[PDB]
Structure formats: C-alpha cells, structure tokens
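Each chain, written out:
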Amino acid sequence: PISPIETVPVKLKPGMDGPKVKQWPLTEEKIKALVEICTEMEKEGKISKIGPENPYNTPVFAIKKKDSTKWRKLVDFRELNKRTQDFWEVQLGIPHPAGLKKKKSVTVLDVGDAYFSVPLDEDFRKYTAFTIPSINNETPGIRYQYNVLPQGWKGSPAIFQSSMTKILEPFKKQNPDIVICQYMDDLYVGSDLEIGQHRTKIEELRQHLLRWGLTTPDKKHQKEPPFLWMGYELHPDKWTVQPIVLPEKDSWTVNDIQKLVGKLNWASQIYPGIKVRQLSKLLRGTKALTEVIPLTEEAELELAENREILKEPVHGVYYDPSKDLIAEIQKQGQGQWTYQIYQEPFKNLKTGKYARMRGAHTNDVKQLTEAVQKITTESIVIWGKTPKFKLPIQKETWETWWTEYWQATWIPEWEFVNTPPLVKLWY
Amino acid sequence: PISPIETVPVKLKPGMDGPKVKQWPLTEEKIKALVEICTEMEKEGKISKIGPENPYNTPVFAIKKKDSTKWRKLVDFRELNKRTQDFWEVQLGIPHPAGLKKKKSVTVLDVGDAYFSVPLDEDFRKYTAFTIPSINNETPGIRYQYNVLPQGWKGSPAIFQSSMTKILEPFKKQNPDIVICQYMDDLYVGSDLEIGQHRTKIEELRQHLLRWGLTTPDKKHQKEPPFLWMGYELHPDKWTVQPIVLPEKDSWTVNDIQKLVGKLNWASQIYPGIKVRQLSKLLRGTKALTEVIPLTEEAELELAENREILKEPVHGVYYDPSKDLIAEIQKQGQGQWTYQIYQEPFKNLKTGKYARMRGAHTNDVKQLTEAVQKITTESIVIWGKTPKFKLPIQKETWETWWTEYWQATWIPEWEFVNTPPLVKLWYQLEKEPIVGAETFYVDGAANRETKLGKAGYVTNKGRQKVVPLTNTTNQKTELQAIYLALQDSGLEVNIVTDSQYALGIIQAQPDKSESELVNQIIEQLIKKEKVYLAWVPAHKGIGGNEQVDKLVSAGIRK
Ligand SMILES: CC(C)=CCN1Cc2c(Cl)ccc3[nH]c(=S)n(c23)C[C@@H]1C
C-alpha cells in the first residue's frame, strides 16, 4: 500500500516500439480464472485497468501450477523482453556461473512473488499492456497494466538483483560452494551435497529467504509421502551422448549392412573421420536382402574402428555465446523421444533422450511439452539460456495444447518441423 | 447536447507536428453551407471558433451524398490521423453468430452521431483546427476547432467505444440481466423479457444514456426483426445469411470465379455441404483478372451441384451453454471433408469444411486429423469449449495411424461411427526384408537437359528390364522405376531405391493425389500383399546401384 520504493528509470532499447502481440484465445474455464486472478491484483494494485490511449499488448495464459493446483497467470513476455531486456542485459547483466552444471544436484525455486513490491517507472508500465479475452469477441476484453515488477519481464529480476544479492549474501557466506543462480524468477542452487544434506540445506535457504522479505517459496515435500514429483532436483553431473551405438548384428545381412552403411553415411557428417567405403563393397551385389555376408576381414576392421570412433567425440564444442543454441526433437517410439542442441549443424554441444512410456498418459503433445521444458532446463543450467526448439508437431495443434500441461514460468521461442526425420534411427 | 464524460488525452506521434494542410478553397457557394453548418455545430457546442494562436489547418469539404434533403459536411484529417498516436484495436475480432445464445427479445439502437456527443481531449483540439474562407478573396478565413470527436479522426472510434463502454456500466450494473454489445455507433440490447417488459427496460436505458447527452431517436425501440449484420441475418432464436446468389452466365471471367468462391465459402458456415475445389483450383492462374476463365466440366458439376443446395434455404440455431457441443465429420470427396456442430439432434448450429492443405501428397487420416483441429480451434474461439467429436473412422486404424506418424497430435474425446466414406489404412508397408521375395534394385535417371530418362532394374534372379522415357525427371523416373518394380513383382516384393524422394513419399503412405505416376504405385501397393521397400545411397558405390546406374549408358555416357 502507501509504502513504496524508488523506481529504476526504465527504457526500451532505442529505436524500437512497445510490443503489440495478439491475445490468443483461451478457454472460458481459463478466462474465468484470469478474471479472478487479475481482479485481486486490481485489488492489491499490483496491476490496473487501462484505456485506449494505449495500443500495446502482450499474451497471457492460465496455468495450473505445481501439479494442477488452482490456476496461475502467465504473461508471454517474449517480445517486450526482447524489446528492452536485450540492450538492457548490457547494463543489469545478471551473471552466468559455469560450474553449476558441474555440481551434483541443483534445485529450482520460484522467487517471483518478490517483484510484486517494487513499483515501476510510470513511463514503462505502458508496455506492461496485457489483455484478457472476452469469449467470441463479444466484449472488448479486459485491459490491465502492471504497477510493480512483472514476473515474466526480464527487466524485473535484473532490477530486483539488488535486494536478492544481500538476501542471499549471508546464506552464501555460510554456504560458499553452494552456487546459486538467478534466471528471471527461478533459483537454481547447486551443491555436491548428499541428498538430505542438500535437501535440508535447501529449506534452510527457503526459510532464511522467507525471513528476509516475505520471499515465500513452494513447499514441495511435507512429512507426507505421495506420488508427486521428485522435485526439480536435477543431477547435471549426468549428461552424455552415448546411445548412438552400431547394432551388434552377428547375423549380418545384405539388408543390414546396407542399413548399417546408411547410418554411417549421414553419420559421416557428424564425424569427418569415418569412411564406410570398403564396407560399401561388401554389399556391392544385387542379392536377396535377407542374406549373410560378414567375410571382408579388411571391412570389419572398418566396423570396429568407426564403431568406437563414436566414443571419441570431435572438435564440435565451441559454445559461441553470440550465436543462438538450437534444440531439435525426434519422437522415437512409444514415449521415446530425442533432441540435440547445437549452434551449428553437426556442432551439437549436447544431445539426449527423453523416456516416459506412452500409457498412463500417452498424449504425444504432453510428452513433447514435457520434454521441451525438460530440455529448456539443461540449456539454462549450462549456458543459462533458452534454445530455439524445432518441434516435430503442428503449429496449430501445439498452439492449442502446450498451455494445458505447461508448468513452467518462461516460454522459449520455438517452431515446428513439417520435415520428417531421415535422422530417425535408434539415436 | 454532450456528455460530461472524463475525456481521453491524445498525444501526437513522438517528434511529430500538426497538419499544415490548407485547402483549395471550395466553391464560395458551398462555403455559406460550411459556415451555416458549423455555426450551429459551434452553437451545438461541438466547435469553438478560434483562429489566431493556432497554425494547424485541415480542409473543409461539403456536398450531398445519399437519401438526405440537406448539404453534408466532411473534413478528413488523414494528415492529422497519421501524425496521431496509436490506440487500442477497436474490433480485433468479430463475434461469430453461432456463438451467441437465444434470448426472447432483442433490439438495436443507433447511437446517433455517437462521436460528436463525445468531448475531444481539451488539448488535441488545436490540431483539429480547420478553415472556411468566405469567397474567392473577400475572406477572413474563419477558423474553428472541435471540442468533440471529429468526423474523420483516428482515435475517434477507440475513444468512443471506451467512453460508451463506461457510460453503460452503472446501468448494466443495476440492470445486470440485459446483455449489451455495441457495433459501430450501434447498440444491440437483448434479453429474455416480455416484449413490453423488454420495452420497459429499453426505455430505462434509453433514458440512462439520454442523461449523458447521447441521442437515441428510437420511438419505442425501433428495430427491424431481420438483422443485417456482417452479412448475417439474425433473430433472437436463429441466425443466417440470406443474400447469396451464385450468378450464372456465359463469359465467365476470373473476378467472377473468385467472387463465386467467396460467395460460396461464406454460406458454407450454415449450408451443410458446399464444395469449391475445382472453381478454386481453377483460379490458380496468375494476375490477369479481365480475362475469361474456361470453367471446364468438373467445375460446372460442383457449381450447379452447389446451386441445388443454395436454392433451398437453411437456418442456424444459437448457444445454450447448458449442453455439449458436438463436432461430426465426413469425407464428401477427394480432398474435401465437412463438419457440423450441434447441441441437440438435427438443430444446426454450424457447418463448414476443411480444404486439403499444401503438401501435394498426403494421407486421408492425417488429413482427417488436420481437419478435427480446425474444428477444435473454432469451438474455442466461439464457445470456448472442445466439442466432443463424431468421427467416421475406426479407433484401431486411428490409433495405429498416430502411433506411426513422426509428427505428433492430439485426439480429443471421439467415437467412431459407421457412415459412407471411411478413412482407413489402404496399403501398409513391411518392416523387415521379405525372405524369398525377389529383391528389386530399382533405378531410374534422366538428363534434365535432354528431358529424357530411363526406368528399370535388375532382380536378384539375373533378371533385367528398362523403358526409355520422354519428358522425365530423375525424380519422376525413380517412382516410375518403383512402379515397374511393382507391376513386374509378384505378391511379396523387396524393392530397392536410390531415391531420397520416393523413399520418403511412399513412406508417407499418402494417397488420393494428382500425380498419376504416384496414384498408380499407390494402387499397386493397395493391390499388393507384402512390400518391403528400402533406401540406399545412389552413388555411394553400392554395386546394387553400380549396375542399375551402369545400365544408364544406353541413354548416353559421362
Ligand atoms: C452480432 C451483434 C451486433 C450482436 C449483438 N447481440 C444481440 C443478439 C442478436 Cl441481434 C441475436 C442473437 C443474440 N445472442 C446474444 S447473447 N445477443 C444476440 C446479444 C448481443 C446483444
């Protein structure tokens, strides 16, 4: 109420204009939530209703956070951030600590309810323009503004850095190796601490936090046992590109050697050292597919050689902080999925597989959506950033469902491949 | 009068300045009019005569346009409008009638000259300044400025909407059960109240607004039961678009076809069935619109076929949220599919269709699914629900379909129903190399320059064949090549190609296409029992290729 703070005088990146995004239609069930949510915020003045002197707008979505609990508002801040936060990340540049990925276990804590205090420069809220939809465009839509610091806005965490710093500093003074990292409103704190040490050491912070500024966290695990998430306690010291193994076909067949060769042929682009030629010779016939042709002593020397040429990766490791990282997904089998992030074609910094057998929930979309986010992390974890996702799904289909299973704060820029995978192998 | 409403402040675009647009002084004849018209307007308070401390000018036009018996005023500040900042988008979307709900009584009120009653921000006024010279020379250049939303001003609408949006508030608050919507300077008030009792509130409102200087000349709420909105024709229980004529003439030109097609798609919403594939496929020509389009027979068929439907007039129902929305589909023909959304048995709410998209060779099922989506999509935008789907297709089929595809999807709650066209897996490839089946190292090629090729192969059984080809691509030849493979092969077959292309194509398990070449291969695979196709690197030096490529010498050498 009547007691504020000052205002870091904010400004967009020179030359650009405020974002004017189009509000996607959402369900009634969603709208209703949003009517509720934002009205309380009108109540608590964090946000306010505006008029026509304002043309900007930024997307918003209703989301059931922390396991289908009552709804949560989510603004698709993608554009604004890109319109401010970029030259802005040249000033308030929130730092990225490498070694975290190296740590054994890292947890995430949403430190967003915080921002809801610090006011905003009266000449920038203008951009915080967001509209909530009137079903079937019957009403003119509810148009609010933001008065404090908006959770999705990248310019806000940056600002909040100040307090956050001290908020932690002491906790940091007692716990040094415990690296903590702030990305928007989520806290990633890493340690090589044993499960419970880490765990308790966690609530430790949670409490400390709460003490220092009603920076309240999410109570993920009571003294209760349930089939709930094993928390956002990742173990980044675990990451590999191993499974891209050559099939152990003791029963070598014309068909097989060919298949073999094929993978090896495109595989030549990811390991310019592999040569399949002498093997190509082993299938130079015009035989029956199902036929055994191991023979070529000179050839199996090739099988083995390259068979391990995999294990010894290439130069393809030069994280170019200028360039953007690209994520790419492969729907593998029932609940089998895969990806790879690279800035360059075969210069893929890391690849990995997602497994969660399509059964109890086989909604591709869900698993996809899941995956995405699960990838998103890694990326952040490591480079501290959101890749560009190449989604093997329909724009329109996805544009109608991620928001259902989507339980994350940020939203990465993505796109969809109507381009099937020759790349579809066991890898 | 006017409205004492809290005005809205407008700033001109950053770094910009008001129009210095003078006017070619119009005929001194219609000048007396401008003056006489503005004197009253000024006396109606709408204007404030000021000339000195204000450079900014705009041109004052005046003549008579439609059925009226008086001279009209016009002044477009297009220059100003541009210099003007941007507001909120008035109607980023039109409500779709099928989404509306049924009410006993409704009505529409022309909000008079809505904008005028509304007060221009006290400052922007200087900009809305204009000039009415007396004669050709004897003239003091009487300048005036608006105190209200000017006739042709960019914000005018946005503002006004906001204003009114507000003005109604208390009223609607107090009188909660009479939904309202405004359109242009028009008001649509409806409710489930007894004609007279409906009339009771109408006045209450009419009056309410009247307290705000908002002129509504409705006598006893004057409205035409048949509502002409965005083409739709509405009534408190049904909606439809009537004026829809599909012209018939001889010298069919392009513009007309397009118009036919627009006119056709429009009615589809309500009219269950309409087709447009050919008429459209036809329009495919480039830029020349004044030329005549040779509506071939296939076209005429769908046209008069459609015509038959159009002749007979159908109508649509409104929304009742106390029920399940239902989406039902059927394949009316090659490439074409249709849907209909209904609450209760045979009471049409909405129709329409999904036209097969880009990506020349596709699968019906995939397509069907691509279809369900559009449906899914609308229900959201309209009644924000997800219609339970009625799908003319087996679950085993469907299931196996998506369990196969590379891309991903989402099948809502849907039941299979028996009906005529049935989407199902016609052909279906193998997984492992068929044992015994004669292997076919199929190949083809073509010299793009020569525009000629050769299709052929060599079966494992020392068997060979070829066929020269005029007008063929390395691509066409490849398929062709497989097609032969298919013809000559038996029941079970192993086909081997060097085609990146055909490899994918066949694997796509598409169907119903425009490439005879493919259609055939399709029909053969259909005809078949067990095919195992496989793909290998054309020139990588596989001998299985080496020869099928070494036979290519019969055309030339390199
Ligand atoms: C499409 C427009 C301008 C609608 C306004 N409109 C009037 C109307 C009509 Cl004319 C028919 C069925 C209607 N169903 C509903 S709800 N309405 C409705 C209310 C709003 C008030």
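Thresholds, definitions, all that
Residues numbered from 1 in each chain as written, not as in the entry; some residues may be left out. Chains lettered and ligands numbered in written order. Heavy atoms only, no water. Residues with missing side-chain atoms left out of burial classes, pairs and counts. Near = heavy atom within 4 Å. Polar contact = N/O pair within 3.5 Å; in protein donor to acceptor, adjacent residues only side chain to side chain. Areas by Shrake-Rupley, 256 points an atom, 1.4 Å probe, with all protein chains shown as cover. Nonpolar A, V, L, I, M, F, W, Y, C, P; charged D, E, K, R; others polar. Domains from an automatic or database assignment. Contact = heavy atoms within 4.5 Å. Buried area = accessible area lost by both parts, 1.4 Å probe. Buried < 20%, exposed > 50% of the residue type's maximum accessible area, 1.4 Å probe, protein only. Helix = DSSP H or I, 4+ residues; strand = E, 2+ residues; numbered from the N terminus. Pairing = 2+ DSSP bridges. Right-handed = clockwise from strand over helix to strand, strands pointing away. Core = buried A, V, L, I, M, F, W, Y, C linked by side-chain atoms within 4.5 Å. Axes fitted to C-alpha atoms, helices over the stretch in contact; angles between N-to-C directions. Parallel < 35°, antiparallel > 145°, perpendicular 65-115°, else oblique. Left-handed = near helix turned anticlockwise from the far one by under 90°. Salt bridge = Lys/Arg side-chain N within 4 Å of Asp/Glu carboxyl O.

In the PDB archive, X-ray crystallography is given as the structure determination method for this entry, at a resolution of 3.2 Å.

**Student:** What is the right way to read the site of the ligand from this model?
**Tutor:** Residue and element names in this part refer to chain B. Near the ligand, the surroundings consist of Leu 100, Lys 101, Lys 103, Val 106, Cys 181, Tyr 188, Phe 227, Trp 229 and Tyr 318. The contact in question runs from a nitrogen atom of the ligand to an N or O atom on the backbone of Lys 101, over 2.7 Å. When the free accessible area of the ligand is taken as 500 Å², the share hidden by the protein chains comes to 94%. A per-class count over the shell around the ligand returns seven nonpolar, no polar and two charged.

**Student:** Where do I start with the domain arrangement of chain B in this structure?
**Tutor:** Quite often, the size of an interface is put as the accessible area lost when its parts meet. Residue and element names in this part refer to chain B. Domain parsing of chain B yields domain 1 (1–90 + 116–156), domain 2 (91–115 + 157–225), domain 3 (226–319), domain 4 (320–426) and domain 5 (427–557). A separation of 38 Å is found between the C-alpha centroids of domain 2 and domain 4. Listed by partner, the interface residues are four residues for domain 2 and five residues for domain 4. Carbon and sulfur atoms supply 71% of the area buried between domain 2 and domain 4, which totals about 400 Å² over both sides.

**Student:** Even after reading the chapter, I still don't get the pairing of strand β16 (residues 388–391) of chain B, so can you show me in this structure?
**Tutor:** Where a strand is regular, its side chains alternate between the two sheet faces. All names here are of chain B. Judged by which residues are buried, β16 turns out to be one-sided: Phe 389 and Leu 391 face inward and are buried, whereas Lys 388 and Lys 390, on the alternate face, are not. Two strands pair when backbone bridges link them, and β16 and strand β17 (residues 414–416) are joined in this way by three bridges, in the parallel orientation. From the neighbouring strand, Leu 391 faces β17, where its bridge partner is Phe 416. Handedness of the crossover is the feature at issue here: the chain leaves β16, passes through helix α10 (residues 395–404), returns alongside β17, and the resulting connection is right-handed.

**Student:** How should helix α12 (residues 500–507) of chain B be read in this particular structure?
**Tutor:** Helical periodicity: at 3.6 residues per turn, an α-helix aligns residues three or four positions apart in one direction. All names here are of chain B. Taken together, the buried positions of α12 are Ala 502, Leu 503, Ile 505 and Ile 506. Looking at the buried positions of α12, the neighbouring elements they touch are α11 (474–488), α13 (516–527) and β23 (530–535). A distance of 3.2 Å separates the backbone nitrogen of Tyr 501 from a side-chain oxygen at the start of α12, and that oxygen is part of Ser 499.

**Student:** Please explain the domain arrangement of chain A as it appears in this structure.
**Tutor:** Along its sequence, chain A is carved into domain 1 (1–94 + 116–156), domain 2 (95–115 + 157–235), domain 3 (236–319) and domain 4 (320–426). Centre-to-centre, using C-alpha coordinates, domain 2 of chain A lies 45 Å away from domain 3 of chain A.

**Student:** What is the right way to read the interface of chain B and chain A from this model?
**Tutor:** Each partner contributes to the interface: chain B provides 58 residues, whereas chain A provides 54 residues. Those elements that place two or more of their residues in the side of chain B that touches chain A are α4 (156–174), α9 (364–383), α10, β18 (439–441), α12 and α14 (543–550) of chain B. In terms of residue class, the side of chain B that touches chain A is built from 29 nonpolar, 20 polar and nine charged.

**Student:** Got a minute to help me understand the nonpolar core in this structure?
**Tutor:** If you look at soluble globular proteins, the nonpolar side chains tend to sit buried side by side. Residues and elements named next belong to chain A. Ranked by size, the top nonpolar core spans 90 residues in total, and within it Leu 391, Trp 398, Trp 406 and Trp 414 carry the most contacts. Looking at which element gives the most residues to this core, the answer is helix α10 (residues 364–383), with nine residues. Each residue touching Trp 414, except ones within four places of it in the same chain, is listed here: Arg 78, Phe 389, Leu 391, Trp 398, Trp 402 and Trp 406.

**Student:** What exactly am I supposed to notice about the sheet that holds strand β22 (residues 492–497) of chain B here?
**Tutor:** Across a sheet, strands are paired by hydrogen bonds formed along the backbone, either parallel or antiparallel in direction. All names here are of chain B. Taken together, the three strands give an open sheet; going across it, the order is β18-β22-β23, and neighbouring strands pair in parallel fashion. Two strands lie at the open edges of the sheet, namely β18 and β23, each paired on one side alone. Within the sheet, the average angular offset between the axes of one strand and its neighbour, ignoring direction, is 20°.

**Student:** Please clarify how the packing of α4 of chain B against helix α5 (residues 195–210) of chain B should be interpreted in this entry.
**Tutor:** Residues and elements named next belong to chain B. Between α4 and α5, the least distance of the axes is 10 Å, while the angle of their chain directions is 130°. Taken together, the axis directions place α4 and α5 in an arrangement best described as oblique. As α4 packs across α5, the resulting crossing turns out to be right-handed. Residue-level inspection shows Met 164, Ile 167, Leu 168, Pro 170 and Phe 171 of α4 in contact with α5, the latter providing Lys 201, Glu 204, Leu 205, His 208 and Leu 209. Taken together, the residues that form the contact of α4 with α5 break down as seven nonpolar, one polar and two charged.

**Student:** What am I meant to see in the pattern of salt bridges here?
**Tutor:** Oppositely charged side chains can pair when the atoms bearing their charge come close. All names here are of chain B. Applying the stated criterion across every chain, the model contains 34 salt bridges over all chains. In this structure, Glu 378 and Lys 350 form a salt bridge, with 3.2 Å as the shortest nitrogen-oxygen distance. Of this pair, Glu 378 sits in helix α9 while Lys 350 sits in strand β15 (residues 348–355), and the two are 28 residues apart along the sequence. The burial state of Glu 378 is the same as that of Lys 350; both residues are buried. The residue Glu 438 makes a salt bridge to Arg 463 at a minimum N-O spacing of 2.8 Å. You can see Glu 438 sitting in the loop between β17 and β18 and its partner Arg 463 sitting in the loop between β20 (452–458) and β21 (464–470), a full 25 residues away along the chain. Residue class for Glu 438 comes out buried when judged on its relative accessible area of 11%. The class of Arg 463 is partly exposed, set by a relative accessible area of 33%.

**Student:** Just to check I follow, could you spell out the environment of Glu 194 of chain A for this structure?
**Tutor:** Checked against the element boundaries, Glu 194 of chain A lands in the loop between β8 (186–191) and α6 (195–211). Sequence separation between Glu 194 of chain A and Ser 105 of chain A is 89 residues, and the spatial gap between their C-alpha atoms is 8.6 Å.

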